[PDB]
Amino acid sequence: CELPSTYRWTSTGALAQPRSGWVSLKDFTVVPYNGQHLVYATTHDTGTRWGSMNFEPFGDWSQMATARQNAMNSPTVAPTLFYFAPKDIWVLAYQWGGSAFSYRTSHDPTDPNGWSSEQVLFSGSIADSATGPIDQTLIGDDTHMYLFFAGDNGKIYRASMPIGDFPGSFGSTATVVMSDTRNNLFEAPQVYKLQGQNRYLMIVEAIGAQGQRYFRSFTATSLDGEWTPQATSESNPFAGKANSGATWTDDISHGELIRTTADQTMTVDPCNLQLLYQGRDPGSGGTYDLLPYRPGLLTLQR
Ligand SMILES: [Ca+2]
């Protein structure tokens, strides 16, 4: 199932409303867990407070709306969840901790409050960014773990370490692997191994001509290699208003692909791509932090 040069999706509407007290659910990370979906997300309340949560595991996507929403007592904004197989330990990576990126570990990722004390994941800084490093994602191959991240500044960054040294810090240095205008490579990168192909997929969130969010895609044949544009304009995006099949939202924004595995290989099935994204009613206005983001799911047409 080669990636299409022109993507066509169908979509759900919003799959859950935020639990009373939160105005939004955002930045989804999602793994398979004992035949169910296990999702973590960023929260925002009705004032000025960012936080995080998970849902109870749920079997089918109709069950997301009724799955109990569990606030985390330790905020892990824009989280990445995965199982790190070589040490039989679950990892939750995030930002806005004591350094640029942080992680915690657990033996039960369903427990929102069962994560370890905060560990340093990345301690670097980047030039020409108001946010600093944001929206990490991690992926490993046979020999190395990789960290990719953005800076709301048109650049995508990469760090690596031998897989035997993980979990641990990637250090303080990173390599720019792509650069473009701020709007073209904005944030929310996600990197995956394509099942059955010697190819990796990166999707990156962009800001379109009239402010609408959408995803641009790139591929590589090795995680330390160069990235090649795969679907990189608003009119021919990886996923956006042009091809989502969604009218409940114009935005197709910070989310994650459904994976074939929970572990660090971050594998996805190109025969059945599905994107769990955040979207919002186009009639929604007000400040960015209060925007009523909700989860939705795209399914690739083939
Ligand atoms: Ca993310």
# chains A, B, ... in the order shown; residues from 1 in each chain; ligands from 1
call {"tool": "residues_around", "arguments": {"residues": "residue 7 in chain A", "least_positions_apart": "3", "cutoff": "7 Å", "atoms": "only C-alpha atoms", "output": "list in words"}}
result
residues 4, 238 and 243 of chain A
call {"tool": "residues_around", "arguments": {"residues": "range 97-106 of chain A", "least_positions_apart": "4", "cutoff": "7 Å", "atoms": "only C-alpha atoms", "output": "count of residues only"}}
result
17
call {"tool": "residues_near_ligand", "arguments": {"ligand": "ligand 1", "cutoff": "10 Å", "atoms": "only C-alpha atoms and all ligand atoms", "output": "PyMOL selection string"}}
result
chain A and resi 26-30+41-42+77-81+93-94+134-138+149+187-191+204+254-256
call {"tool": "residues_around", "arguments": {"residues": "residue 251 in chain A", "least_positions_apart": "4", "cutoff": "9 Å", "atoms": "only C-alpha atoms", "output": "ChimeraX atom specification"}}
result
/A:211-214,240-241,278-282
call {"tool": "write_last_selection", "arguments": {"atoms": "C-alpha atoms", "output": "mmCIF file, in the first residue's frame"}}
result
data_model
loop_
_atom_site.group_PDB
_atom_site.id
_atom_site.type_symbol
_atom_site.label_atom_id
_atom_site.label_comp_id
_atom_site.auth_asym_id
_atom_site.auth_seq_id
_atom_site.Cartn_x
_atom_site.Cartn_y
_atom_site.Cartn_z
ATOM 1 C CA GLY A 211 -5.390 30.516 9.153
ATOM 2 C CA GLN A 212 -6.774 27.003 8.972
ATOM 3 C CA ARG A 213 -4.607 24.196 10.346
ATOM 4 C CA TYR A 214 -3.588 21.222 8.199
ATOM 5 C CA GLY A 240 -6.733 19.286 5.804
ATOM 6 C CA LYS A 241 -9.954 21.003 4.822
ATOM 7 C CA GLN A 278 -8.067 17.913 17.043
ATOM 8 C CA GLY A 279 -10.707 20.020 15.303
ATOM 9 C CA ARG A 280 -13.002 22.928 16.284
ATOM 10 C CA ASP A 281 -16.238 24.519 15.197
ATOM 11 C CA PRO A 282 -15.444 27.109 12.508
#
call {"tool": "residues_around", "arguments": {"residues": "range 245-247 of chain A", "least_positions_apart": "2", "cutoff": "6 Å", "atoms": "only C-alpha atoms", "output": "number ranges by chain"}}
result
A: 9-11, 243, 249
call {"tool": "write_last_selection", "arguments": {"atoms": "C-alpha atoms", "output": "PDB file, in the first residue's frame"}}
result
ATOM      1  CA  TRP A   9     -10.288  10.803   3.734  1.00  0.00           C
ATOM      2  CA  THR A  10     -13.649  10.376   5.362  1.00  0.00           C
ATOM      3  CA  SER A  11     -14.181  11.803   8.842  1.00  0.00           C
ATOM      4  CA  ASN A 243      -9.485  16.401   1.696  1.00  0.00           C
ATOM      5  CA  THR A 249     -14.218  21.595  11.609  1.00  0.00           C
TER       6      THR A 249
END
call {"tool": "closest_residue", "arguments": {"among": "A:267, A:217, A:76, A:110", "to": "residue 36 in chain A", "atoms": "only C-alpha atoms"}}
result
A:110
call {"tool": "atom_distance", "arguments": {"atom1": "CA of residue 230 in chain A", "atom2": "CA of residue 174 in chain A"}}
result
23.7 Å
call {"tool": "residues_around", "arguments": {"residues": "residue 87 in chain A", "least_positions_apart": "4", "cutoff": "12 Å", "atoms": "only C-alpha atoms", "output": "list in words"}}
result
residues 83, 91, 105, 106, 107, 163, 164, 165, 166, 167, 168, 263 and 264 of chain A
call {"tool": "closest_residue", "arguments": {"among": "A:270, A:35, A:109, A:75", "to": "residue 50 in chain A", "atoms": "only C-alpha atoms"}}
result
A:75
call {"tool": "residues_around", "arguments": {"residues": "residue 6 in chain A", "least_positions_apart": "5", "cutoff": "8 Å", "atoms": "only C-alpha atoms", "output": "mmCIF file with N, CA, C and O atoms, in the first residue's frame"}}
result
data_model
loop_
_atom_site.group_PDB
_atom_site.id
_atom_site.type_symbol
_atom_site.label_atom_id
_atom_site.label_comp_id
_atom_site.auth_asym_id
_atom_site.auth_seq_id
_atom_site.Cartn_x
_atom_site.Cartn_y
_atom_site.Cartn_z
ATOM 1 N N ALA A 231 3.389 15.152 0.588
ATOM 2 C CA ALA A 231 2.178 15.913 0.233
ATOM 3 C C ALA A 231 2.259 17.207 1.003
ATOM 4 O O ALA A 231 1.990 17.223 2.212
ATOM 5 N N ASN A 236 -3.066 20.325 -1.578
ATOM 6 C CA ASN A 236 -2.769 18.885 -1.669
ATOM 7 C C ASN A 236 -1.982 18.477 -0.428
ATOM 8 O O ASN A 236 -0.780 18.208 -0.411
ATOM 9 N N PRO A 237 -2.736 18.435 0.683
ATOM 10 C CA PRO A 237 -2.096 18.174 1.966
ATOM 11 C C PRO A 237 -2.103 16.696 2.314
ATOM 12 O O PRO A 237 -2.764 15.882 1.637
ATOM 13 N N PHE A 238 -1.376 16.348 3.372
ATOM 14 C CA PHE A 238 -1.573 15.051 3.996
ATOM 15 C C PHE A 238 -3.019 14.982 4.484
ATOM 16 O O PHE A 238 -3.753 14.057 4.155
#
call {"tool": "select_by_dssp", "arguments": {"residues": "range 23-232 of chain A", "states": "helix (DSSP H, G or I)", "output": "VMD selection string"}}
result
chain A and resid 61 to 63 85 to 87 163 to 165
call {"tool": "atom_distance", "arguments": {"atom1": "CA of residue 159 in chain A", "atom2": "CA of residue 195 in chain A"}}
result
23.1 Å
call {"tool": "closest_residue", "arguments": {"among": "A:266, A:52, A:130, A:33", "to": "residue 145 in chain A", "atoms": "only C-alpha atoms"}}
result
A:266
call {"tool": "decode", "arguments": {"residues": "range 255-276 of chain A", "atoms": "N, CA, C and O atoms", "output": "mmCIF file, in the first residue's frame"}}
result
data_model
loop_
_atom_site.group_PDB
_atom_site.id
_atom_site.type_symbol
_atom_site.label_atom_id
_atom_site.label_comp_id
_atom_site.auth_asym_id
_atom_site.auth_seq_id
_atom_site.Cartn_x
_atom_site.Cartn_y
_atom_site.Cartn_z
ATOM 1 N N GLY A 255 -2.437 15.903 16.423
ATOM 2 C CA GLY A 255 -2.995 14.612 16.773
ATOM 3 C C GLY A 255 -1.967 13.532 16.490
ATOM 4 O O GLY A 255 -0.742 13.755 16.600
ATOM 5 N N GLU A 256 -2.458 12.354 16.142
ATOM 6 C CA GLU A 256 -1.570 11.214 15.946
ATOM 7 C C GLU A 256 -2.221 10.177 15.071
ATOM 8 O O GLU A 256 -3.448 10.032 15.092
ATOM 9 N N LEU A 257 -1.403 9.402 14.354
ATOM 10 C CA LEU A 257 -1.953 8.286 13.584
ATOM 11 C C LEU A 257 -2.241 7.101 14.492
ATOM 12 O O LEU A 257 -1.531 6.875 15.491
ATOM 13 N N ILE A 258 -3.251 6.304 14.143
ATOM 14 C CA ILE A 258 -3.450 5.038 14.837
ATOM 15 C C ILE A 258 -2.314 4.064 14.495
ATOM 16 O O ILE A 258 -1.965 3.883 13.317
ATOM 17 N N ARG A 259 -1.758 3.407 15.516
ATOM 18 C CA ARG A 259 -0.548 2.592 15.337
ATOM 19 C C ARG A 259 -0.837 1.096 15.352
ATOM 20 O O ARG A 259 -1.894 0.663 15.812
ATOM 21 N N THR A 260 0.109 0.304 14.859
ATOM 22 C CA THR A 260 -0.033 -1.143 14.891
ATOM 23 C C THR A 260 0.521 -1.732 16.184
ATOM 24 O O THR A 260 0.398 -2.935 16.441
ATOM 25 N N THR A 261 1.169 -0.874 16.960
ATOM 26 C CA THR A 261 1.896 -1.294 18.144
ATOM 27 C C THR A 261 1.938 -0.119 19.105
ATOM 28 O O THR A 261 1.872 1.035 18.669
ATOM 29 N N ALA A 262 2.057 -0.410 20.404
ATOM 30 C CA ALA A 262 2.294 0.645 21.392
ATOM 31 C C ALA A 262 3.778 0.976 21.529
ATOM 32 O O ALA A 262 4.142 1.961 22.187
ATOM 33 N N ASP A 263 4.668 0.180 20.924
ATOM 34 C CA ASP A 263 6.065 0.365 21.328
ATOM 35 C C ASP A 263 6.864 1.392 20.533
ATOM 36 O O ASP A 263 6.322 2.094 19.700
ATOM 37 N N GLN A 264 8.145 1.523 20.865
ATOM 38 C CA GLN A 264 8.921 2.656 20.367
ATOM 39 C C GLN A 264 9.120 2.600 18.870
ATOM 40 O O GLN A 264 9.578 3.588 18.279
ATOM 41 N N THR A 265 8.823 1.454 18.226
ATOM 42 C CA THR A 265 8.985 1.447 16.771
ATOM 43 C C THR A 265 7.944 2.310 16.052
ATOM 44 O O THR A 265 8.103 2.607 14.874
ATOM 45 N N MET A 266 6.873 2.692 16.744
ATOM 46 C CA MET A 266 5.946 3.687 16.193
ATOM 47 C C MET A 266 5.474 3.307 14.794
ATOM 48 O O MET A 266 5.553 4.117 13.871
ATOM 49 N N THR A 267 5.034 2.063 14.628
ATOM 50 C CA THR A 267 4.677 1.572 13.310
ATOM 51 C C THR A 267 3.215 1.850 12.995
ATOM 52 O O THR A 267 2.348 1.778 13.889
ATOM 53 N N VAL A 268 2.954 2.212 11.737
ATOM 54 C CA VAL A 268 1.584 2.410 11.276
ATOM 55 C C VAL A 268 1.354 1.615 10.019
ATOM 56 O O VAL A 268 2.278 1.319 9.278
ATOM 57 N N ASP A 269 0.097 1.257 9.790
ATOM 58 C CA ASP A 269 -0.288 0.447 8.633
ATOM 59 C C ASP A 269 -0.715 1.350 7.472
ATOM 60 O O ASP A 269 -1.797 1.933 7.514
ATOM 61 N N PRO A 270 0.117 1.451 6.421
ATOM 62 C CA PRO A 270 -0.237 2.357 5.321
ATOM 63 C C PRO A 270 -1.480 1.899 4.556
ATOM 64 O O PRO A 270 -2.020 2.712 3.804
ATOM 65 N N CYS A 271 -1.905 0.646 4.739
ATOM 66 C CA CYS A 271 -3.152 0.132 4.150
ATOM 67 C C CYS A 271 -4.381 0.591 4.903
ATOM 68 O O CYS A 271 -5.506 0.381 4.451
ATOM 69 N N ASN A 272 -4.170 1.164 6.077
ATOM 70 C CA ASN A 272 -5.295 1.592 6.904
ATOM 71 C C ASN A 272 -4.933 2.804 7.743
ATOM 72 O O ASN A 272 -5.016 2.788 8.968
ATOM 73 N N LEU A 273 -4.505 3.868 7.077
ATOM 74 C CA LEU A 273 -4.171 5.071 7.816
ATOM 75 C C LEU A 273 -5.402 5.685 8.455
ATOM 76 O O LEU A 273 -6.446 5.831 7.815
ATOM 77 N N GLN A 274 -5.278 6.036 9.732
ATOM 78 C CA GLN A 274 -6.341 6.751 10.420
ATOM 79 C C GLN A 274 -5.685 7.788 11.303
ATOM 80 O O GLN A 274 -4.716 7.490 12.001
ATOM 81 N N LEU A 275 -6.224 8.997 11.273
ATOM 82 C CA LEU A 275 -5.652 10.108 12.028
ATOM 83 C C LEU A 275 -6.607 10.590 13.110
ATOM 84 O O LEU A 275 -7.719 11.024 12.803
ATOM 85 N N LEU A 276 -6.173 10.514 14.370
ATOM 86 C CA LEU A 276 -6.917 11.069 15.482
ATOM 87 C C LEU A 276 -6.430 12.499 15.621
ATOM 88 O O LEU A 276 -5.289 12.717 16.024
#
